[PDB]
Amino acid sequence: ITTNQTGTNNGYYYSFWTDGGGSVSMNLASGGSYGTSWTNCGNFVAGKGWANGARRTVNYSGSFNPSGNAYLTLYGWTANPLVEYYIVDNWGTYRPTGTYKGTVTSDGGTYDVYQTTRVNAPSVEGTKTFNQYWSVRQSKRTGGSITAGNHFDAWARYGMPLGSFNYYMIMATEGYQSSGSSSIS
């Protein structure tokens, strides 16, 4: 596919979004599998996952090959409160950051946790003000387990409460003003 959309493929939720910039394509493959390719994109988010978020152990594998800024990250939203969350296992030429809260250790890795506030920004609920919660792995990797709940709990300990899992949770490839490819199952 090449146009913004949502749906199920091979029993798996999937979502594709781009701001029109450059060229971006997403391959929908067997089971939970997908890939992406892009050239001088503006912004895009793509991945496979679940229609609804949840406390789950997210297992993933593949390849991630960015030329410029891109993230490899679990990605989702909650409602009440509205919040966009990231748990980033890998990234390109830019490391995602924000207001430093601390750290969480999970799945053999240590992630820095950050918080940022988007003011009157696009969201699943429209133009809104909301918080972004981040966990960014201190060391890059492609593949393994991401035990979502360990992040959720740690964020809660740092005063970062999550709402209702009324929206998706995808294992996403996201890029900004760059090129590259990914293939993840």
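Numbers follow the displayed sequence, beginning with 1.
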Between 154-162 and 36-44, which has the larger average Cα B-factor in the PDB entry? 36-44
Per the PDB entry, mean CA B-factor is higher for 129-137 or 142-150, namely for 142-150
Lowest, middle or highest third: where is residue 93 by Cα B-factor in its chain? middle
Per the entry's values, where does residue 84 land by CA temperature factor relative to the rest of its chain, in the lowest, middle or highest third? middle
Once the chain's modelled residues are ordered by C-alpha B factor and cut into thirds, is residue 124 in the lowest, middle or highest one? highest
Can you tell me whether residue 69 has a C-alpha B-factor in the lowest, middle or highest third compared with the other modelled residues of the same chain? lowest
If you rank every modelled residue in this chain by C-alpha B factor, which third holds residue 170: lowest, middle or highest? middle
